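Bear in mind these aren't lab numbers, they're just calculated from the coordinates by the rules spelled out. Heads up, the Cβs are rebuilt from the backbone with ideal geometry, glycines too, and the neighbour counts pull from every protein chain shown.
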Amino acid sequence: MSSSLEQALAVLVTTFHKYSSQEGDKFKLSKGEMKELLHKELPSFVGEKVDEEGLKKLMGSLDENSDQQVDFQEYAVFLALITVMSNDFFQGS
Amino acid sequence: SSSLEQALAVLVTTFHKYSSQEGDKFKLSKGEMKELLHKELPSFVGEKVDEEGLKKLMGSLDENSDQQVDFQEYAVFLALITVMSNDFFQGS
Ligand code: NA
Ligand code: NA
Ligand code: NA
């Protein structure tokens, strides 16, 4: 049976495809699509238990480059960055 | 439970499960990463690995086992392993 981390990675893949399937190459999504994804699929990037500033700016940079295509590995980079900016494990220092 | 938030939460706990065991709780060595992959991805990864890219990736962790990686690096590695092993990318 599937391990907890296998299941988590599976969900990273299906969430990616939920968006990547919508235009063009199914193995890509645009930075604009990724911004949509982060809005819709994750909790709020506002408040004192997250790096609100870092998250604001990360999201704004996705705007600046909305047409640029992102692969799965890059998507995971962005997810990892947001996770570090939002998860108490990291923000508690 | 199927949300992205919960999946990322598991990425973080699985990271710390291993990073907590020695030194900085925000790093794990490449040798421990290899261990984590064998233990925590038993079906997608070895024990033993049939794919070329995965074989190389695992050998490199061994060669470089004392180098330390942070969560972002661990996440990237996991992503690369996923692209190398998941039917979505592989059956394309
Ligand atoms: Na696409
Ligand atoms: Na959100
Ligand atoms: Na450590």
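Restricting the search to region A:42-58, which residues are aliphatic (A, V, I, L, M) and in a helix (DSSP H, G or I)?
Residues of region A:42-58 that are aliphatic (A, V, I, L, M), as a first pass: A:42, A:46, A:50, A:55, A:58.
A:55, A:58, listed by residue number.
Applying the criterion of being surrounded by fewer than 18 Cβ atoms within 10 Å (Cβ to Cβ) and more than 9 Å from ligand 3 (Cβ to nearest atom) to the residues of region B:17-31, the residue that is farthest from residue B:66 (Cα to Cα) is B:17.
A quick yes/no check of all residues on (1) out of contact with any strand residue (DSSP E or B) (no Cβ under 7 Å at 6 or more places or on another chain); (2) of a type outside the set (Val, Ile, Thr); (3) free of Cβ contacts under 8 Å to residues at least 24 places away in the same chain:
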| residue | (1), (2), (3) |
| --- | --- |
| B:52 | yes, yes, yes |
| B:59 | yes, yes, yes |
| B:65 | no, yes, no |
| B:73 | yes, yes, yes |
| B:84 | yes, yes, no |
| B:88 | yes, yes, yes |
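Residue A:6 meets the conditions (1) within 15 Å of ligand 2 (Cβ to nearest atom); (2) at the interface with chain B (Cβ under 7 Å from one of its Cβ atoms); (3) not small (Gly, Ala, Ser) in every case but one. The failed one is (1).
Among the residues of region A:42-64, those identified as within 12 Å of ligand 2 (Cβ to nearest atom) and either within 16 Å of residue A:77 (Cα to Cα) or of a type in the set (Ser, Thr, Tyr) (or both) are A:42, A:44, A:55, A:59. Among the conditions (1) away from ligand 3 (no atom under 16 Å from the Cβ); (2) away from every other protein chain (no Cβ under 12 Å); (3) assigned to a helix (DSSP H, G or I); (4) hydrophobic (A, V, I, L, M, F, W, C), residue B:61 misses just one, which is (1).
In region B:7-41, the qualifying residues are those that are part of a loop (DSSP other than H, G, I, E, B) and not basic (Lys, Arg), and the one that is nearest to residue A:88 (Cα to Cα) is B:26. Exactly one residue out of B:17, B:55, B:39 is away from chain A (no Cβ under 14 Å) and basic (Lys, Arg): that is B:55.
Determine if region B:69-91 includes at least one residue that is over 23 Å from residue A:27 (Cβ atoms), crowded, with 18+ Cβ neighbours inside 10 Å, away from ligand 2 (no atom under 16 Å from the Cβ) and within 14 Å of chain A (Cβ to nearest Cβ). Please lay out each step first, then the result.
So in region B:69-91, the residues over 23 Å from residue A:27 (Cβ atoms) come out as B:69-71.
Checking which are crowded, with 18+ Cβ neighbours inside 10 Å leaves us with B:69, B:71.
Next, from what is left, pick out any that are away from ligand 2 (no atom under 16 Å from the Cβ): B:69, B:71.
Those still in the list that are within 14 Å of chain A (Cβ to nearest Cβ) too: B:69, B:71.
Yes, because at least one residue in region B:69-91 is over 23 Å from residue A:27 (Cβ atoms), crowded, with 18+ Cβ neighbours inside 10 Å, away from ligand 2 (no atom under 16 Å from the Cβ) and within 14 Å of chain A (Cβ to nearest Cβ).
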